[PDB]
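Presented below, as structure tokens, is a lone chain in the form deposited in one PDB entry.
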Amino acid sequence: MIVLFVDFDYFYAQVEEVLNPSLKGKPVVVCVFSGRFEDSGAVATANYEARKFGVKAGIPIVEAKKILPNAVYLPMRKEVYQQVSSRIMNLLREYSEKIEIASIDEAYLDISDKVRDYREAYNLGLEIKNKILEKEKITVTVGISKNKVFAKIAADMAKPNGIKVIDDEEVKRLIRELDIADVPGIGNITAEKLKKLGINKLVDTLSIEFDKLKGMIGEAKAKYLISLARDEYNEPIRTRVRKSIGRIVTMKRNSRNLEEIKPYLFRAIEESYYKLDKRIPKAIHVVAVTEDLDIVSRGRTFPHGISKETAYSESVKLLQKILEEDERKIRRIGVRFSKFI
């Protein structure tokens, strides 16, 4: 394989500096306003002028404003970034039939029937970047390599607005020098567990006894890291069909009172069905986040499609099961639909 990875730059914030060009140069910060007080929520994304100062995905909208109090804070327009994204995706579908849409702003292209070497791959990349810049004035980064994992890593290294290749020789250099915590699919929890085992690089997984890896991070993530360490990782570029869709809302104030909860839940279901659009789900899950923020969720799977009426009736049953089996207060309430048809 010769994989080609695209990763739209500071995406949500770009798609904002593209419908109001006056923003370029100024720090922008797309936030998610939760709804329980002046500026409560978090930062979705922030253009690079804002990151230079500490504002990044995650930190509360309130820390953001303490750091860059005079920045352009805008609310999240997800339905809008979603379209811009698709339009771009469609642009990429021409450069190859084998495409995997990883996220709302990440796509893997398998161009192993579209080019011959990394020099051709690299040129196809630039061609792509440009096309995108031409049609939607959106810069994106490109990473090319022998599999999805190293193509992604490539882009991680080149973003923003770049292009790169980690040829067969580099891969071995990396399997040895790349901080394993920088490997796609390894976060803080698993990173720590691996640091405790002396595993700081990929190559470090071939030495540790296996079953003592399966023991600490999980059978799957273990297999994952090793195959990568053996330069034997090959996950095909497969079309991805969305598997779930949901919406959680945040209540104006905590409670365990079913009738105080009901309005928000029914409000989330509605919005949830608007999204589904033609998709019929056979499984519904009610999700609530206790005052302490842990995540409780009860579900049920049907042997047929779920009609709102059903979603309505059944979701109350579920919600109840939560209230009956958890004594904590609720602040967040929502739903989620799976097992489409």
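Superpose the two forms; the largest set of C-alphas matching within 1.5 Å is the rigid core. Numbers follow the displayed sequence, beginning with 1.
Per-stretch averaging of Cα B factors for 314-322 and 7-15 places 314-322 on top. 133-141 and 148-156 differ in mean CA B-factor, and the higher of the two is recorded for 133-141. Annotation for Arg77, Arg173, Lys262, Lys164: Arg173 ranks highest, by Cα B-factor. Highest C-alpha temperature factor among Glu235, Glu106, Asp182, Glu270, as the PDB entry reports it: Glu235.
Among all modelled residues in its chain, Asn123 ranks in the highest third by Cα B-factor. Among the modelled residues of its chain, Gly305 has a C-alpha B-factor that falls in the middle third according to the deposited record. Among the modelled residues of its chain, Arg230 has a C-alpha B-factor that falls in the middle third, as given in the PDB entry. Annotation for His285: CA B-factor lies in the lowest third of the chain's modelled residues. Among the modelled residues of its chain, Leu293 has a C-alpha B-factor that falls in the highest third according to the deposited record.
Not on display, but discussed next: the form deposited in another entry.
The residue among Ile104, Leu206, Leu133, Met89 whose Cα moves by 2 angstroms or more between the shown form and the other one, once the core is superposed, is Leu206.
In this overlay on the rigid core, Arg116 has a C-alpha that sits less than 2 Å away from its partner position between the shown form and the other one. Taking 2 Å as the criterion, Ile245 does not count as shifted between the shown form and the other one: its C-alpha moves by less than this amount when the rigid core is aligned.
Once both forms are overlaid on the rigid core, the distance between the two CA positions of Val72 between the shown form and the other one is under 2 angstroms.
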